[PDB]
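Protein sequence lines, in the order shown, are assigned to chains A and B.
This note's numbering puts the first residue of the first sequence at 271, with every later residue one more than the last.
This note's numbering puts the first residue of the second sequence at 3, with every later residue one more than the last.
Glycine is no exception: its CB is placed at the ideal position from the N, C-alpha and C atoms.
Structure, as structure tokens:
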Amino acid sequence: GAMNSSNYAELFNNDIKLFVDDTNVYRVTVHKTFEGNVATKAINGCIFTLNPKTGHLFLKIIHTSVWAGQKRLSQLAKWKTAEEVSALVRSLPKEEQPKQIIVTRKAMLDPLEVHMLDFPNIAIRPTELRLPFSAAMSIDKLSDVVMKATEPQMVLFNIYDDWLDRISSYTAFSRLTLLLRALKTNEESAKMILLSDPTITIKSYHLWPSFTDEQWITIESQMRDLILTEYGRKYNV
Amino acid sequence: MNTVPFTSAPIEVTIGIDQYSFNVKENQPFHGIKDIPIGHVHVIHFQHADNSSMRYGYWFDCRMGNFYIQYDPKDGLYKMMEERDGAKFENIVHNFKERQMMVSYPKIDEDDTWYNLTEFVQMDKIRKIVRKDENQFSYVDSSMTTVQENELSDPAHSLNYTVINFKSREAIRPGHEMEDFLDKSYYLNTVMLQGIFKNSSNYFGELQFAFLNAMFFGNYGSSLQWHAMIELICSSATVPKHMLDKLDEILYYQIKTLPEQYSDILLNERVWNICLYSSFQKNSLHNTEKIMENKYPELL
Ligand SMILES: CC[C@H](N)C(=O)N(C)Cc1ccccc1F
Ligand SMILES: CC[C@H](N)C(=O)N(C)Cc1ccccc1F
Ligand SMILES: CC[C@H](N)C(=O)N(C)Cc1ccccc1F
């Protein structure tokens, strides 16, 4: 059934599973036309497919050409997502295929179920959690590869960098969701926090800065404060 | 005009014959029903006064044999049987009629209700849904489950309706996932009509039979089947024009005949709202939409 606070440790057991977030698949800018009507212009998007245990991210870049001449794009985007996730699963060796796929939005359930009919033993699950994966495009290196793409492309990132050498998957996922929640609530502040100290660099093969254990505690504290601050600025508390 | 005679009525029972029903008192001089119109299937059904649990009944066609009812005190029900001795049967019926012991099927001459509810229903197709090949008539009751219900437990007592499942490989062509899920025309016209049913008359026959089992026995799996067969048509963008016109007539008479006080359980809100207001065929069911809105505007 649905994935929620109660069955949260299941994410870090040894059954392979993937989260799929389709928020950033179909992305547009809305603008005025010369005649004063409104039109959209699509920009490149991406499917965010994440193994929460290992940090393995299969970032499938969705190039604007896939929308050319199509109608009802918000609906098509869900089916395109499901087609690409199905293709990914089929590309993986049997022992790497997931036992469960958790979609972050319930409207992905039927498209993904229909595309995965060939895999009756792979459970397709919703979640009650409000996960912040839409903020993936606030990670500079991810946004850069999406915007520069000239054709459909799959790119591989470990979203935990090397954290799993020092912390457990549970702790890594909690750090990731904190960083992403912060970037989602106030991107400018969050990014100021992460880069304020010019002596802490991001390795070429990494996404996040090379914080020591002690610096991660400070960073994490600054992100929590931001989220509460913004929560007070929003609600006046 | 044909006759379904009864050896007696030893237990108090409400007896239905098609859309009509009547009450028989315990050990009341009763020897059955006469003047049954030839040319249609018929259903004779029972609800005991002491145990409204289990409505049960028999589908039959008097052209296929001489049938009578006899109570079995061991199994505790009214059973249908065939009398092979034609002369013996005619004699019994003639004597019953001379004694005015048989009630009269109350058919009004202007009234086409039963024809309209059974237009496409054939006894031979009933006997393939209800498998008991040693009898020419078919038993159905409130509790019998469908093949599909059993997949999700006694197979000899099952309703073998055609399985319809919108999220199945039968329904969804590889490579046409979105197309076939949002527009079920392939599944309707190629898989079901051309492939399984062969023509729309057999499809409508099963649809009508499922509705009638839902209405008369409260058979939940039959209700599921009736709604699935409606939804498969309404969710197809491409349906033969003759089928849409006929479906509107079929559903009109079904909704017209439904007891008002049973609509809560026998009508699925989601399917009907989708079919009348959101589906491809939202504009193709004028008669059905008009009777639904004037009779059940709450459900919608
Ligand atoms: C240089 C590190 C390298 N990017 C890596 O970590 N691989 C490719 C593991 C991996 C495999 C599949 C998907 C995502 C993944 F991150
Ligand atoms: C409950 C009223 C029923 N619908 C009806 O119209 N009549 C004629 C009762 C009846 C029906 C069939 C045979 C004999 C009967 F006495
Ligand atoms: C059977 C329904 C009702 N309880 C009743 O007693 N009817 C109407 C009388 C009757 C008529 C014909 C034949 C037999 C009959 F008993």
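Output yes if chain A places a C-beta closer than 8 angstroms to the C-beta of residue i; else output no.
i, result
"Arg171(B)", "yes"
"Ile174(B)", "yes"
"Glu179(B)", "yes"
"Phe282(B)", "no"
So which residues on chain B does residue i lean against when the C-beta distance must stay under 9 angstroms?
i, result
"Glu383(A)", "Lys169"
If we define contact as Cβ-Cβ less than 8 angstroms, is residue i a contact residue for chain B?
i, result
"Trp486(A)", "no"
"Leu477(A)", "no"
"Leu387(A)", "yes"
For the putative contact between residue i and residue j, defined by C-beta atoms under 8 angstroms, what is the C-beta separation to the nearest angstrom?
i, j, result
"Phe318(A)", "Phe403(A)", "5 angstroms"
"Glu208(B)", "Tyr163(B)", "7 angstroms"
"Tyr60(B)", "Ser145(B)", "The Cβ separation is near 16 angstroms, so there is no contact."
"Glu383(A)", "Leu448(A)", "That belief does not hold up - the Cβ atoms of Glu383(A) and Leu448(A) are roughly 32 angstroms apart, past 8 angstroms."
"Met3(B)", "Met66(B)", "Not really, about 16 angstroms apart at Cβ, beyond 8 angstroms."
"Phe218(B)", "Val45(B)", "6 angstroms"
"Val149(B)", "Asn215(B)", "At roughly 14 angstroms, the Cβ-Cβ gap does not stay under 8 angstroms, so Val149(B) and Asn215(B) are not in contact."
"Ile371(A)", "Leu288(A)", "5 angstroms"
Starting from the beta carbon of residue i, find every residue of chain B whose beta carbon is closer than 8 angstroms, and list them in chain order.
i, result
"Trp349(A)", "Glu179, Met180"
"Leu343(A)", "Result: empty, since nearest Cβ-Cβ is about 13 angstroms, beyond 8 angstroms."
Per DSSP, what are the beta-bridge partners of residue i in this structure?
i, result
"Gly315(A)", "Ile332(A)"
"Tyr70(B)", "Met83(B)"
"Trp61(B)", "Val45(B), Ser140(B)"
"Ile17(B)", "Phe24(B), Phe48(B)"
"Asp291(A)", "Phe318(A)"
"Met462(A)", "Beta-bridge pairing links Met462(A) to no other residue."
"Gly34(B)", "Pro7(B)"
"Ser106(B)", "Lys36(B)"
"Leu426(A)", "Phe328(A)"
"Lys302(A)", "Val308(A)"
"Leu302(B)", "According to DSSP, which records beta bridges pairwise, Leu302(B) is partnered with nothing at all."
"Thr148(B)", "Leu161(B)"
"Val132(B)", "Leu161(B)"
So with CB distances below 9 angstroms, who are the chain A contacts of residue i?
i, result
"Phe183(B)", "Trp349, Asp380, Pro381, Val384"
Using a C-beta cutoff of 8 angstroms, does residue i count as contacting chain C?
i, result
"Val300(A)", "Of the protein chains in this structure, namely A and B, none is chain C."
Is the closest heavy atom of ligand 4 to the C-beta of residue i under 7 angstroms?
i, result
"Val384(A)", "Absent from the structure shown: ligand 4. Ligands present: ligand 1, ligand 2 and ligand 3."
Next on the checklist: Quick check on the DSSP output: what are the complete beta strand (DSSP E) runs of length 3 or more inside the stretch 387-421 of chain A, in order along the chain?
Outcome noted: Listed in chain order, they are 393-395.
Item to check | Completely contained alpha helix (DSSP H) runs for the stretch 246-274 of chain B, where each covers 4 or more residues | outcome: As far as the stretch 246-274 of chain B is concerned, its whole alpha helix (DSSP H) runs of at least 4 residues are 265-268.
Item to check | Within the stretch 205-239 of chain B, ranges of the alpha helix (DSSP H) (whole runs, at least 4 residues) | outcome: Qualifying alpha helix (DSSP H) stretches, in chain order: 222-236.
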